[PDB]
Structure formats: structure tokens, C-alpha cells
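Given next, in C-alpha cells, is a single chain: the form deposited without adenosine monophosphate.
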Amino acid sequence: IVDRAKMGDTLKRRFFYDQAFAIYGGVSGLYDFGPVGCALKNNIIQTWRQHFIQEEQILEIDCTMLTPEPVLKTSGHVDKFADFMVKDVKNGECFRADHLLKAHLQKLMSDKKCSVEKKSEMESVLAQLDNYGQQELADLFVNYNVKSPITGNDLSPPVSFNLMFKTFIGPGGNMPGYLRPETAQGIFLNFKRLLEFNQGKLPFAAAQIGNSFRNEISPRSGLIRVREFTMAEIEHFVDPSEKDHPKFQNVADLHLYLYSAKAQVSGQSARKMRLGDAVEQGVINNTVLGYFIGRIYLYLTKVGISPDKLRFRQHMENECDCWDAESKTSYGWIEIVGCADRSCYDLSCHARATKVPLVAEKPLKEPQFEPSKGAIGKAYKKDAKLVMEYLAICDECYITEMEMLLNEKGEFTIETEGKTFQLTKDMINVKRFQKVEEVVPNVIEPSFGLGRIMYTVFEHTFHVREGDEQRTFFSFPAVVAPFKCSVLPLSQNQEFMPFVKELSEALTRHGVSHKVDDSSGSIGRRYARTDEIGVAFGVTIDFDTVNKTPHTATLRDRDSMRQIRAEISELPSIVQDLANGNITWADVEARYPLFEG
């Protein structure tokens, strides 16, 4: 349970975030973040940096969002990064065919006048929804007679709609491009520079914290389905012969909710497991994937996501290996962090397309295309050299993948530098062995969707007080609260301000983010306002603080609203240790006088 309406009202009112271009009617899937929201987001990102980039000594890079077409063609985004879309024929309103058909089905299955066998049929359709191609989906649309859910009219046949934002780089029409749909490709393109930076050694990891774009058909669902979004993505390159993480024992004792592919197939439920046990039993393939899963868990819980509403779902054979961190919200289980485990065929693709060897290189202890120069020479004269040097760099996965088509269809076609070439029995294969080893690195890909993580934290930390007027507050951990300490002085009189100034300065010296409250009203109402945005602690300075000696102020805990009274010069250290988790509120109450004034 979560009062989404009330929470959303608080989020819009205190301006954590709001619909972008609101005064222009707004734009779907686009959101502006306000001061408090920006503070929270910056805290999220900083905590993320110190977690991952700092603990793992990750190589951070910042690539461009603007990406020329060939780069995203080579990566398969031009051909495969799309959603099936259907159009109303009367007005033309676009719909994502997936969720539309799914809606129609989930509706019909839940109808009294419907047979058991058909309900079965439809369960069968849903549990295979992602395998369906264009024609299959068209047939499915016809056979279930799917109409528009607003107008009830007929729908155009499903057609592939690419989700990348299209544009043009330069003033001609010769460099068409896209806004990047992910930040991984920029890391892959810089793989050589990064490997060099790491003195040629494996393993290593690169990270990027920046925006990505996705021309979502019809965004609803708030922050969950957006068109422009900030991602925190790690690419961990490891030797496939070295799938063992030296630091796995640090997270091996963690107890996580795991939702295996087998459990999903067999209608089973997720189960709590020790991470080490899960790896030991082959639920999680290796300890690199396991390690990163564990630290993803630790990060998510650190920023305020509830453990009882957090699970890790493995991807089924139709969605290589991939575990997603999923949180339970009012929109149901949503993916917030992806974590792929796979051979980096990306490096191979870009290597072929650019003729630049993107490969690791390990020395050992001293343990193929066979073209016809003549036929290619006659076919493509001066361009034969290019076909040749293309072929001389292709890796075994590709020599295989094209050997198949060389057999079956008796062809297989490439494209290099300029354009394309149809190779047909101008080729052959070579064998034997010899010999430094070429290492095509496996990659673990943790992909953090900061917006969804933030919204999850919103839903998991939102609470209401007891009163007739339902005062709301956010149980933000101090590490991500917009700021940690509110300083509430009673007056502006120039004998108060020295205390306020000293308190602020000391708070800054102690690394406690704070803010002096110059707001209007009763103490409890001001504290209600600061609670409303999830500020963790409060220090109120009254007349007794100023005029009586020793000078003591009141420390108030956000969650409990309970207070103590302490020497104002000691409060920065207390708030520091509180926020850093060095001491509990109970530890503070046990050493300082209680205070309900």
C-alpha cells in the first residue's frame, strides 16, 4: 500500500519534480526536477559514485549523447531497437501494440461469459508475448479483434517503430544521427583508450553517469516511463577464464529475494537466499555477476529502498544472462537496475565495422577466412583490398555466423567503409593451431535507472502522521535526504545570528549539509514543512539557547519527532555521527536530556 495521489501531491507541491513545459500544456515522458528533487538526485548520484566508482576504482568517462548513425547501426539499434505500434484509422492515435493486446487479453480472460479453455489459450498467448513477430502480432490482433481503447475503432496492422530520436549532425543531410539510447556504446568505442589507461590489464571497469533518450510511444506512469532519463551505467570487462571476483565474500552472506527463470516458468515464487548459496547452486552463474548483484542490493537499500519490496528477477530465454533489480511499487514490480552477463560481441561488431581491433591481449607460456583474390578481384577491382582487409579482421563468431549463410543461402553480404559487398563462394576456411592470446572480454553490465530508483525511494519512504490534518514526511536516509539538518532559529535578532552562524559553520566543517529556516509560523509547522521534504534532523535555537549559559539547543529526529537538548557546540558532531550511522537516536537519548518543549 501507498497513497500515490497524496504522495504525488506532495511531490508536485514541494517541487521534487513536475511535468516539463507545464505551461505549454506539458509533454509526456518529460520532467523537470526542482531544488529538492535536484538535491535528492545529486545525493543519489554522489552515493552511487562513492559506492561503485570509488569502491571499485572504476574508469569514469563522459561521452556525447549525439551519435552518428553508423555507430548505432553497427550496434543493432537502427534495426532492432523498436516497439510494435498500431494506429487508430479514424484519428491516428498511436499505441504500443504489446500493452494494448495485453490489456485486451487481460480484460477478456476476466469475463464471466468466457470458457476455461480460452482463458488457458490466452495465458498461453501472454506467456509468449515477446516472441511474436510482425505477422504473428497482426494475426493476433485480427483473431482477438482488438480495437482502440478510447474510440473503439479498428486498428492498423502492427508496424515496427524505432525508439531512437532522429536528427542531423552538421548542415548537410549526410550525417544523420540519434540521441543515444544508452551509454554503453560510448564505453565500447573507447575500449582501446580505457584498456591502455589500465596499463593493458584485465579486469577493469568503466562507468558513465549521463542522460539517454527513448522516443516512447505514449508515456503514462509518471517517472517510470520517460523519454529523457539519467542513467548510471557500468561496463565491467573480465577475462572469461577469470569469472571469479576477489571481493565476493564481502556480499556472500547477504540474503536476497531471487526470482529465477525456472521459478517464473514453473509458476513458482521468488525465494530468499544467501548470495553465496545461490552462486554455489548455480542460480547465479558466477561471483562477478554475484558480487555486482550484492552491491546493487546494498546500494538500493542504502538509498532507502525497502528490502521486503526488492527482488532480483532473472531473464527468461526470450527477453545472454541477465538479472534485474526490481522494486514493488503501486505500478507493480518495476525494473530499476539491470545487470547483464555476456560475451562482448559489441566490441567485435565495432571492430569489424571500423577495422580497429578492440581486443585484450594476454601473454601465455608458449602452447579463418580463406578468400579467392582472383574472383573478388574480378568482381570488385580496386575495392578488393578493402574486402580483403575486412575479412582479415573478422572473429571466429562471425566467420561461423557467416559460414552458415555461406552454406544455406550460398551468399552472405558485408558492408565496409564505403558500402556493401556480396560475397559468394569467393571464400573458404583455414585451420590448424599455433602460438599471446586475443581476449574477447566478458562483460557485466549494471545499468541504473536513477529516475525509477528515486521514485521507488519516494514510495517506500512516504508516510503520514496521525493528526486530523495528515502531515506527510519522507523517511529518507540522511545520506540522500535533500539536506541532513534544518536549523530553526526563533528570531533574527543580532544576538541569535552569532549562534546560527557558528552552528552553520561547524555543521559545514563536519560535512553535514544543512539549511537555515527563515520560514513563517509555529515551530511544529516549520518542522512539518521540513519533514515534508524528508530532512533528517533539526536543531532549534530558542531564547534560552541565546540568553542562558551553557548554551544548549534542541535536536529533533525527523521520524520520531522526539527531541533532546544539548550544548550547541556539540550538536554538529552528534548530527554528523547520526547521519553517518555511527550512533543511533537511542544512543543520543541515552546521553542527553530529553526535551518535549
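Note that residue numbering begins at 1 and tracks the sequence as displayed.
- Gap check for residue 435 to residue 436: 1 to 3 deposited residues are absent from the model.
- In this entry, residue 367 and residue 368 are separated by 4 to 9 residues of the deposited sequence that lack coordinates.
- Once the C-alpha B-factors are averaged per stretch, 204 to 212 and 275 to 283 rank with 275 to 283 first.
- Here 489 to 497 and 266 to 274 are compared by their mean Cα B-factor, and 489 to 497 comes out higher.
- Comparing C-alpha B-factors across 341, 244, 93, 326 in the deposited entry, the largest value falls on 93.
- Highest C-alpha temperature factor among 477, 371, 176, 307 per the entry: 371.
- The PDB entry assigns residue 109 a C-alpha temperature factor belonging to the highest third of its chain's modelled residues.
- In the deposited entry, the Cα temperature factor of residue 348 places it in the middle third of its chain's modelled residues.
- Ranked by Cα temperature factor within the chain, residue 406 sits in the highest third according to the deposited record.
- In the deposited entry, the Cα temperature factor of residue 453 sits in the bottom third of values across the chain's modelled residues.
- Looking at the C-alpha B-factors along this chain, the one for residue 363 belongs to the highest third.
A second form of this protein, the form solved in complex with adenosine monophosphate, is not displayed here; the remarks below concern that form.
- Contact annotation: of the candidates 225, 514, 245, 352, the single residue with a non-hydrogen atom within 4.5 angstroms of adenosine monophosphate in the bound PDB entry is 225.
- Of the residues 371, 338, 210, 307, just one reaches adenosine monophosphate in the bound PDB entry with a heavy atom at 4.5 Å or closer; this is 338.
- Heavy atoms within 4.5 Å of adenosine monophosphate in the bound PDB entry are found in one stretch of 408 to 416, 497 to 505, 264 to 272, 449 to 457, which is 449 to 457.
- The shortest heavy atom separation between residue 383 and adenosine monophosphate in the bound PDB entry exceeds 4.5 Å.
- Interface residue remark: residue 205 is not counted as part of the site for adenosine monophosphate in the bound PDB entry, having no heavy atom within 4.5 Å.
- Residue contact with adenosine monophosphate in the bound PDB entry: residue 214 places a heavy atom within 4.5 Å of it.
- Interface residue remark: residue 229 is counted as part of the site for adenosine monophosphate in the bound PDB entry, having a heavy atom within 4.5 Å.
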